[PDB]
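Contents: one structure, followed by commentary.
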Amino acid sequence: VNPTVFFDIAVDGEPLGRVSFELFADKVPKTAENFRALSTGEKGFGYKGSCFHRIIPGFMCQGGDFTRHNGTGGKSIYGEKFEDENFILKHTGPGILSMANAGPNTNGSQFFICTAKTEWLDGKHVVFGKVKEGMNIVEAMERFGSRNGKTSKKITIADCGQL
Amino acid sequence: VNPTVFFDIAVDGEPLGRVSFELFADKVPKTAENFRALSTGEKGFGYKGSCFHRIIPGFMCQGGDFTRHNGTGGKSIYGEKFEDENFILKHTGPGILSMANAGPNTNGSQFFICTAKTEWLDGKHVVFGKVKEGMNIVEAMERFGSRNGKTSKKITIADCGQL
Amino acid sequence: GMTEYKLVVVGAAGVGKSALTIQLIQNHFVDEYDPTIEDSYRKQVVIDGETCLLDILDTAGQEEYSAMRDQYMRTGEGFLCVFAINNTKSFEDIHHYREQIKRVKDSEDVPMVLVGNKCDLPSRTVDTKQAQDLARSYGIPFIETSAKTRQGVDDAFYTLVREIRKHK
Amino acid sequence: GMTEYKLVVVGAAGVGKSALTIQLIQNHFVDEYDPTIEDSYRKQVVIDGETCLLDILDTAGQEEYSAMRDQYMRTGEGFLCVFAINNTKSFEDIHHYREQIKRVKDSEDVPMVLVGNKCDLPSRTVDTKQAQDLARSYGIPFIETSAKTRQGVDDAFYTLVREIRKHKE
Ligand SMILES: CCn1c(-c2cc(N3CCN(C4CC4)CC3)cnc2[C@H](C)OC)c2c3cc(ccc31)-c1csc(n1)C[C@H](NC(=O)[C@H]1[C@@H]3COC[C@@H]31)C(=O)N1CCC[C@H](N1)C(=O)OCC(C)(C)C2
Ligand SMILES: CCn1c(-c2cc(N3CCN(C4CC4)CC3)cnc2[C@H](C)OC)c2c3cc(ccc31)-c1csc(n1)C[C@H](NC(=O)[C@H]1[C@@H]3COC[C@@H]31)C(=O)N1CCC[C@H](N1)C(=O)OCC(C)(C)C2
Ligand SMILES: Nc1nc2c(ncn2[C@@H]2O[C@H](COP(=O)(O)OP(=O)(O)O)[C@@H](O)[C@H]2O)c(=O)[nH]1
Ligand SMILES: Nc1nc2c(ncn2[C@@H]2O[C@H](COP(=O)(O)OP(=O)(O)O)[C@@H](O)[C@H]2O)c(=O)[nH]1
Ligand SMILES: [Mg+2]
Ligand SMILES: [Mg+2]
């Protein structure tokens, strides 16, 4: 059964709400497992305490850099980066959860949540889940983004785990 | 005789360098004294610990809000506000130290340091000092400004006093 | 993809341009006076069933810089022309903003909306009939707002989007 | 009131546009890869004895967005066309940027400077001669730079300002 994980989001340390994701282990098992384990922190490291560093209204919310906390870092549970598993699933609309990268086969821990359809990313970013509850939390994060993605407040994953 | 005060500037807590100012008490004694006492903190409050909230390269660096720390506050040693003493001195070039305000006779603690001539402020802002040493530090502060003045790093008056 | 609309909030200093914009974008009222140099905001909204992206330019009303408006007027698609109901001078200044926009854009039908802000205050000095008349001339809508109570905030920005739609 | 010059830094992803610009503005070398969406910077400088204000647009080289460059090309007064001397593909992309800028401005006479970056690296694949020839054919200056060592960083931006001043008299 596809696992479910949650983020408790805070804004400048003030609680905002919880968002939960279905991870498509049935179609991308290796990529879902990476996100799952990073959400539980069971490898000794993961998303807890990291921030969404790039939020662009009309497009997406991006985060996941827990190694450098400056938008350039993050790592997977398989080593620093791992290959593109597949591109079966498409960026079909709001709530799609997908891997950020710096070119082919550079998946780490950074991810993004679509707030709209982003079809021009299909085949270049590995889609591996979707928001299951709390899309309105993601929408609420948009109001702290900007045109180039810089945020006006600190949007953190205050807690996370598996449901 | 004109007193000399200093600011020790820090960037995200890292020391940058010292700016010193001659205060023109020989032309604006009330305004010079305000800035002097606020730089020593001898009245119980002042600039120590406050930030430069607005840095616009090519024009000026502005600070002085030690009451609200958001660019809207500040106070004088005479009360919440005091009158424009006179406009004898002009914004003649880099290094000029002058009072910020929100219209006539609304001087508090906010000030700006010019990095270029700003002659269109003449007769509207009270000029009361000039950089004596450390103009290179004011220029270095411009590294972290922007077009609308929002700073990309926290620029603080880590220490300050009289010389 | 969704359409982008470039909106520009103009008007005299202190009339509430940022108070209205921050209410729209962040859903809270700034009671303190933080005069603007220049700021930009983005919000996706649904107006009449169409999703769209609002790009909002929050401008400075200081008269020292009135000669520097042409560039943002050329680039903007529609303009929220704000005065304050208790400030006669700001209503007077509204005329020059309109004339300056028409002048710069060389058109009588630039998407535009007249906004009478601070409508929660007592001691109004500019009553609705002269604002209504001024709006009847020009040929544009007029909306009374309060950025303190949030009254008319959404309507003001959404109406301006509807004007750009009618034009284009 | 000093003159403002609107400079735009263009080139393929990862050639060092931001590294060069941050070196100029902040005297700091960005060791890490922080891909740009769009950033703007300001710096006042003295060039040939004349103080002026540089307004720098730092752009994104990702090819998916190549059709969205028209707006910034219409507004820019001069263009830093950057490639990396160890990336032949980025050198091949230059021609695309130049043709695009000429098309958008509808002019054969647009201030540009060709910049070969990363000249500190030993794995050079683009000959200095080959870059000089291209710049000669275009009629523009060519400067080799290193954002890491700061070699040529000031020179590249200052030369671009000189190219603009020549187009302005
Ligand atoms: C030209 C402007 N411009 C736009 C854009 C585009 C559009 N549309 C495009 C689509 N059209 C439709 C067919 C009609 C209409 C016009 C409108 N307005 C804009 C913006 C707001 O104008 C300022 C973008 C965009 C994106 C990039 C650079 C410039 C961009 C860019 C740089 S790097 C990257 N993209 C991949 C990046 N990699 C890393 O972050 C690496 C870091 C280091 O290694 C780990 C880590 C990554 O994986 N993501 C995860 C996924 C979304 C992605 N970031 C991102 O942020 O895209 C943002 C955005 C807004 C979706 C696209
Ligand atoms: C139109 C853009 N634009 C410019 C400007 C202008 C120019 N030139 C104009 C002159 N031309 C030459 C003769 C021909 C050439 C083109 C170029 N580019 C720009 C900028 C970068 O484009 C984004 C400015 C400027 C200034 C304001 C608003 C908009 C502005 C503004 C708002 S409030 C104020 N100014 C006074 C303010 N009050 C408070 O902060 C109050 C807060 C509440 O109560 C306590 C506290 C205050 O006292 N100061 C202390 C003093 C400098 C001053 N701030 C400030 O920051 O000005 C900055 C700036 C850049 C110097 C001027
Ligand atoms: N009572 C009231 N005050 C307002 C309203 N809008 C703005 N203000 C106040 O008017 C002052 C100026 O607002 P501001 O948005 O900064 O003016 P701007 O220069 O036009 O951006 C602030 O103190 C605001 O709190 C309003 O709708 N009602
Ligand atoms: N050795 C070296 N590395 C550089 C140089 N310039 C940039 N880099 C590196 O190249 C990578 C990409 O640089 P960046 O400025 O982000 O590329 P951009 O997409 O053109 O902005 C970064 O890791 C930089 O540290 C350089 O002159 N020398
Ligand atoms: Mg404002
Ligand atoms: Mg870059």
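Just so it is clear: chains get the letters A, B, ... in the order the sequence lines come, proteins before strands, and each one is counted from 1.
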Run the side-chain hydrogen bond (donor to acceptor under 3.5 Å, both in side chains) test against C:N27 and tell me which residues pass, sequence neighbours left out. none
Work out which heavy atom in D:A13 is nearest to a heavy atom in D:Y33; give both atom names and the distance. CB-OH, 4.1 Å
With D:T51 via side-chain hydrogen bond (donor to acceptor under 3.5 Å, both in side chains) - residues at least two apart: none
Sorted by first residue and then second, give each side-chain hydrogen bond (donor to acceptor under 3.5 Å, both in side chains) pair with at least one member in residues 57-66 of chain B; sequence neighbours left out. B:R54-B:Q62, B:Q62-B:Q110, B:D65-B:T67
Are the side chain of D:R69 and the backbone of D:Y65 linked by a donor-acceptor contact shorter than 3.5 Å? no
So, do A:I157 and A:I9 sit near enough that their side-chain heavy atoms are less than 4.5 Å apart? yes
Does atom NE2 of B:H69 have more than 12 heavy-atom neighbours from other groups under 6.0 Å away? yes
Just do the side chain to side chain contact (heavy atoms under 4.5 Å, CB included) check on C:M73 and C:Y97 with the steps written out, would you? CA-CA 10 Å; C:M73 284 180 184; C:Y97 274 100; 4.2 Å; yes
Residues forming a ring pair (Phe, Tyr, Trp, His ring centres under 6.0 Å) with C:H28, sequence neighbours excluded: none
So do the side chains of D:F79 and D:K105 get within less than 4.5 Å of each other, counting heavy atoms only? yes
Quick check: closest heavy atoms across B:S152 and D:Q26, and the distance to 0.1 Å? OG-NE2, 4.3 Å
Quick one: salt bridge (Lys or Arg N to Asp or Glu O under 4.0 Å) partners of A:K153, sequence neighbours excluded? A:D12
Apply side chain to side chain contact (heavy atoms under 4.5 Å, CB included) to B:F144 and B:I55, showing your working. CA-CA 7 Å; B:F144 308 114; B:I55 298 174; 5.6 Å; no
Tell me whether the count of non-hydrogen atoms from other residues, nucleotides or ligands lying under 6.0 Å of NZ in C:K148 goes above 12. no
At their closest point, which heavy atom of C:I47 faces which heavy atom of C:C52, and how far apart are they? CD1-SG, 3.8 Å
For A:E14, I'd like to know if atom CD has over 12 heavy atoms of other residues, nucleotides or ligands within 6.0 Å. no
In terms of heavy-atom contacts, does NZ of A:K154 have more than 12 from other residues, nucleotides or ligands at under 6.0 Å? no
Let me confirm one number: the CG-CG distance from C:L20 to C:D154, rounded to the nearest 0.5 Å. 11.0 Å
Could I get the full list of side-chain hydrogen bond (donor to acceptor under 3.5 Å, both in side chains) partners for C:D58, not counting sequence neighbours? C:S18
For A:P57, is there any backbone N or O sitting under 3.5 Å from a side-chain donor or acceptor partner on C:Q44? no
Can you sort out the partners of C:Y41 under ring pair (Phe, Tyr, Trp, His ring centres under 6.0 Å), two or more places apart, ordered by chain and number? none
Please list all pairs passing the salt bridge (charged side-chain N to carboxylate O under 4.0 Å, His left out) test where one or both residues lie in residues 24-48 of chain C, with sequence neighbours left out. B:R68-C:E32, B:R147-C:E38, C:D48-C:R162
When you measure from the side chain of A:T151 to the backbone of A:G145, do you find a donor-acceptor pair of N or O atoms at a distance under 3.5 Å? no
I'd like to know whether CD of C:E50 has more than 12 heavy-atom contacts from other residues, nucleotides or ligands below 6.0 angstrom. yes
Between B:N148 and C:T36 (side chain of the first, backbone of the second, donor and acceptor by atom type, cut-off under 3.5 Å), is there such a pair? no
Restricting to non-hydrogen atoms, name the atom on C:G16 and the atom on C:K118 that form the minimum distance, rounded to 0.1 Å. N-CE, 4.3 Å
Rounded to the nearest 0.5 Å, what's the gap from CE on D:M2 to NZ on B:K117? Could you check? 9.5 Å
If you measure from CG on D:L80 to CZ on D:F157, what distance do you get to the nearest 0.5 Å? 5.0 Å
Within the distance-only criterion (no hydrogens, no angle test), does the side chain of C:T145 pair as donor or acceptor with the backbone N or O of C:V115 below 3.5 angstrom? no
Donor-acceptor check, side chain of B:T115 to backbone of B:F59, threshold 3.5 angstrom: yes or no? yes
Taking ring pair (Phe, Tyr, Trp, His ring centres under 6.0 Å) as the test, write out the residues that go with C:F91, two or more places apart. C:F83, C:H95
Could you check whether any side-chain N or O of C:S146 sits under 3.5 Å from a backbone N or O of C:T149, counting only pairs where one atom can act as donor and the other as acceptor? yes
Report yes if the side chains of C:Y138 and C:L114 come closer than 4.5 Å at any heavy-atom pair, otherwise no. no
List the steps, then state whether side chain to side chain contact (heavy atoms under 4.5 Å, CB included) holds for C:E163 with C:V110. CA-CA 9 Å; C:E163 292 299 307; C:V110 174; over 6 Å; no
How would you list, by chain and number, every residue that makes a side-chain contact (heavy atoms from CB on, under 4.5 Å) with D:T59, sequence neighbours excluded? D:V8, D:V10, D:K17, D:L57, D:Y72
Residue pair A:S50 / A:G64: nearest heavy atoms and the distance that separates them: OG-CA, 4.4 Å
Distance in Å, C:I56 CD1 paired with C:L24 CG, rounded so as to fall on 0.5 Å steps: 4.5 Å
side-chain hydrogen bond (donor to acceptor under 3.5 Å, both in side chains) filter on D:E64, not counting sequence neighbours, yields none
When you look at C:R98 and C:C81, which way does the side chain to side chain contact (heavy atoms under 4.5 Å, CB included) test go after all the steps? CA-CA 8 Å; C:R98 186 284 184 143; C:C81 297; 5.6 Å; no
Test your reading of the model: is there a side-chain donor-acceptor pair from C:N87 to the backbone of C:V15, 3.5 Å cut-off? no
Reported CG-to-OG1 distance for the pair C:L54 and C:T21, which is rounded to 0.5 angstrom: 11.0 Å
Tell me, please, which residues at least two apart from A:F112 pass ring pair (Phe, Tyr, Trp, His ring centres under 6.0 Å). A:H91, A:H125
B:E142 side, atom CD; B:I155 side, atom CD1 - distance, nearest 0.5 Å: 11.5 Å
